[PDB]
Structures are given as structure tokens and as C-alpha cells.
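Undergrad: Quick check, what structure comes out for this input:
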Amino acid sequence: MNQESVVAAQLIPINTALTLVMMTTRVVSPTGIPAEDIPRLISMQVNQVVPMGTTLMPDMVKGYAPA
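TA: Numbering: from 1, shown residues only. Shown next is the protein structure:
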């Protein structure tokens, strides 16, 4: 019963096309984008230099949005 948020699997610079090799899941705080968006962030770049271990936010992804 833990919310798994997207976590920069590795260094992710600004305007970096997110990839399944650059994203992952991990219980972090505060929580950000849901792991259920993993396949959503894919192909989508970031609107900021997000370093590894840095939780992914819905306000840190370009062309992102809910459903």
C-alpha cells in the first residue's frame, strides 16, 4: 500500500527524452509522478535538469498531463 512515484533512474538533463532506461519506481517523499505514468513519461522530455535519485514530478515533464 505504498505509492510508487517515478524516480530518475539516472542523470536526466533538461529537454532529455525520458526513457525506460532513465526512469524507475521508488517510495520517495514527497511523491511525484505515479509509476503508472512510466510508460507515459517515455518519449517525453523533462522541463528541467532532473538528476538521478530526484523524484519525478508532473510539473517537471514537458508534454505531460493526467488522463
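Undergrad: Please enumerate the strands of this structure.
TA: 5-8, 23-26 (DSSP state E).
Undergrad: Point out the most buried one among those strands.
TA: By mean neighbour count, with neighbours taken as mean count of other C-beta atoms under 10 Å, strand 5-8 ranks first of the strands of the chain at a mean of 23. (C-beta placed from N, C-alpha, C; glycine too.)
Undergrad: pull the CA atoms of that one into PDB?
TA: Written as PDB, here are the backbone C-alpha positions of strand 5-8 (Å, rounded to 0.1, in the frame of the first residue of the first chain):
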ATOM      1  CA  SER A   5       6.500   7.500  -7.800                       C
ATOM      2  CA  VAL A   6       8.800   7.900 -10.800                       C
ATOM      3  CA  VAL A   7      12.400   8.300  -9.800                       C
ATOM      4  CA  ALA A   8      15.200   9.400 -12.100                       C
END
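Undergrad: distance between that strand and the chain's centre?
TA: 5 Å (C-alpha atoms, centre = their mean, to the nearest Å).
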